[PDB]
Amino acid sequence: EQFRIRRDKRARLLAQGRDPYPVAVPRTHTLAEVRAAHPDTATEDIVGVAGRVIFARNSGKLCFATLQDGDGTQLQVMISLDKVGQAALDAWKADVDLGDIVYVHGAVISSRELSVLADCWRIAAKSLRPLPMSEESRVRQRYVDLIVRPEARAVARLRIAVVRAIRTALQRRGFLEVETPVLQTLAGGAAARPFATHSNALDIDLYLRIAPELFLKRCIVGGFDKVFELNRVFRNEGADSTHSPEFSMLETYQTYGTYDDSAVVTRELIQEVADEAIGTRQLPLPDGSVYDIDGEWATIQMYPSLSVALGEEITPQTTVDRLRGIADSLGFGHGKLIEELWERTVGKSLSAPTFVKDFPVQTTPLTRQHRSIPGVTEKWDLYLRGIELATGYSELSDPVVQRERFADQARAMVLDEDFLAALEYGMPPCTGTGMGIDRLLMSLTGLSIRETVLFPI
């Protein structure tokens, strides 16, 4: 209803020569800065402050109101009669609503609560909607969420702190951030249905990237020692609590190191992120518990660990007829089956931060064959607080193998021949990694994927 009462006070401010949306009011300080510089008498420090009025208490010849700056800091104001204007007091009473941004120049004082008492005051913006929420309305209107709910404020700022931490971490180690195409003639470097968009300029279809690996790899051919890219990827698939079709994603590549190297870094990275952004490696969680991610983290092998949990020897050689069987007696091909069985037994048991290494050849086209063990590739996954957080490879640089690997993939015939060309100019040995920002945050906080981004749907 009050929609209309608000719109009325707007135009009755316009016509009256009052500006309800001024170009520029002279704020001298953020409320934070007033607080930070003032730990029942009066002081002669004068400031201009601005602030949302998120609490009124109009009372005759004095109105007391609370101002909340964007970040949520608060300073009370006391709009008075004798300090300037009787039209002042009336206009204040008349024209101020709740969720109204308000500039207030004057002196800052101790009260019976730190307030500021006005010489000047002026409306900086007029709300045409009061402040009130289901969680699928918080996401629809993050801009109100951010006003009403502190935790929204804190989470948004966390994601940001975390992303900066990552950049600090990588940069300190000599990593260089790069930009690779989002629109590509064919999308690759991962396994998912791409998004297709039609180009006017070319009259061909183009695909949004599912991942930067293939282009990041061209860079390593190029002479990049150490590279990464933090940026959205697009997977044209369903959404669940760990999956969304557009999400932010880290990738990383270092020359002259293997998956054993890239797992040391990933741990240090993650822990360094905890330190900067959170201040503890003893992570408090919604239920009140604490997940420790400090010290050293356990590595297991996929086949061995799967073997122990099944009570029988599973290997690269174990046939699919055998695996299908074991699979049934709990409830396509080999690689899928190994990972499936592993995840469904060992995977779901895990608590503490855990790496799992030495993976089925079938389901790892891009990662080098293992240096000693036949049948497996030098890939790891990291399961942190029971979430598939991150992946690392010793990267396959043999073009003929890589060609072979791809052709078989297609057989259930257009291959990325430029990718393959690049490799046959010579890619030095490198370990890549991959990590998801939403899950990084989930794994650290227990927040849902839908709370870790500013604007989902």
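We call the rigid core the largest set of C-alpha positions that still match within 1.5 Å between the two forms. The numbering used is simple: start at 1 and walk along the sequence shown.
Relative to the shown model and aligned on the rigid core, the C-alphas in 6 other deposited structures of this protein deviate most, among 242-250 and 364-372, for 242-250.
Among other deposited entries of this protein with both flanking residues present, at least a third omit coordinates for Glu113. For the cut-off of one third of the other compared entries, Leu81 qualifies: that many or more give it no coordinates while modelling its flanks.
The deposited sequence places 1 to 3 unmodelled residues between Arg112 and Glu113. According to the record, no deposited residue between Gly60 and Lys61 is left without atomic coordinates.
Averaged over their C-alpha atoms, the temperature factors of 359-367 and 81-89 are higher for 81-89. Stretches 122-130 and 336-344 differ in mean CA B factor, with 122-130 having the higher one. For the set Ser397, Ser394, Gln409, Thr391, the PDB entry puts the maximum C-alpha B factor at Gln409.
Which of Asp381, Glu312, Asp294, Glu136 has the largest Cα B-factor in the deposited entry comes down to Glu136. For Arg159, the recorded CA temperature factor ranks within the lowest third of the chain's modelled residues. Among all modelled residues in its chain, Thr431 ranks in the lowest third by Cα B-factor. Compared with the other modelled residues of the chain, the Cα B-factor recorded for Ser351 ranks in the middle third. The deposited CA B-factor of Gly446 belongs to the lowest third of values across its chain. The entry lists a Cα temperature factor for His105 that places it in the highest third of the chain's modelled residues.
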